[PDB]
Each structure stands twice: as C-alpha cells, then as structure tokens.
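Scroll down for the structure; my scribbles are underneath it.
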C-alpha cells in the first residue's frame, strides 16, 4: 500500500467489510487504498490536517461514510456521495474546558451509532441510535495523557481507563439502553493502556 509508485513520506499516525485500507498520515491526513504491486490510492483527506486527530474509523458496512474524531470538530456527520466523503459539523465540544481524547468505530437490533466523547472535564457518550445521549459522567478535570476507551465485542459494556483510574459502563446493544455503570478503584500506577 503506497509499478511507478513510491513509499509515502508521511509517517503513520475499521473497514469491517474488508474492502479498503486506511492509513493515518502524521500530518493530520488520511489515505485510502483499494484493499506484489502496492494498493492504489483511493482517497485523500486533509480536514484533520492542521488540527488534532483524536481518532477515526470506517463506518462498518457503510464504507462510503467515514467517521473521524477531532478535539475541535467533535460531533459531525460524514456521508459518501468512488464516493467522496463530505462531512458537515454537527456539534463542537472543544470549549468549556472539554477536549476529545479519542474515538473510533463502536462495538460491532440497533444500528451501531452510539459514539463516546472522552472529555477531560466530563466524559460522555451520545447514543445516535432522534439522536440522544447514552450517558454523561463528570470525569476528573486534571487533564482539562494516559487515557483510553474501548467497547466489548459483545457490545454490552464499554470500559475507559484514564491515568491511574478506570470505569466501565454496561449498555444494552439491541435496546441501546445503559444497563448500569461502575467506577473502578484508583490504580496504584497509571494505566498505560483491553
């Protein structure tokens, strides 16, 4: 993934269908390759360039739509119109001492659209599948970066560990209802990372 081709000078920074490859350029750019000749480029994205890139991942079967997370753009809506991905901002949460740490494709009947926003002042999750909020818990405002968040493959619970602290909230997949939550005790050492 790069025959008159050359390696990409940009350093490396969730297509469930397995038909494309996404490369995260270190300059806030994203490259798409059609997935021993290299895979030809399919698209280039520079919206996240000159800005923080919290995370990104393909929208499952909706390969045309691309989910991209930024500490400034925050909630958006991207659709693939060889479909060019055009995105319109939905809501920005860069202010009020809130910054998006990371976000990618959710766990994978209810469509997978519950997206979590890891904000330092208060973490939350908006359950888009009108669009509502899955939950909102006031996180420690010290950050406002040993923070990470993931969702179980069963889509029944999602954990999040920040510094020497952790908390797991269990939410139903098909019903899209938060079953319960529990904040784990503070660890003796900072959590570097399932």
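Positions of Cβ are generated from backbone atoms using ideal geometry, with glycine treated the same way; all protein chains shown enter the neighbour counts. Only the coordinates and a few stated rules stand behind these numbers; no lab work does.
The single condition from (1) loosely packed, with under 13 Cβ neighbours inside 10 Å; (2) under 29 Å from residue 190 (Cα atoms) that residue 91 fails is (2).
Selection of the stretch 41-80 for residues being under 13 Å from the mean Cα position of the chain (by Cα) and under 17 Å from residue 17 (Cα atoms) yields 56, 57, 58, 59, 60, 66, 67.
Looking across 87, 96, one residue alone is part of a loop (DSSP other than H, G, I, E, B) and either more than 21 Å from residue 165 (Cβ to Cβ) or under 16 Å from the mean Cα position of the chain (by Cα) (or both). It is 96.
Here residue 60 fulfils each of the conditions (1) buried (at least 21 other Cβ atoms within 10 Å of the Cβ); (2) more than 23 Å from residue 122 (Cβ to Cβ) apart from (1). Checking each residue of the stretch 63-80 against the condition of being loosely packed, with under 14 Cβ neighbours inside 10 Å and in a strand (DSSP E or B) gives no match. With a requirement of 2 or more residues that are surrounded by 13 or more Cβ atoms within 10 Å (Cβ to Cβ) and over 20 Å from the mean Cα position of the chain (by Cα), the strands (runs of 3 or more DSSP E) lying completely within the stretch 105-194 that satisfy it span 178-184.
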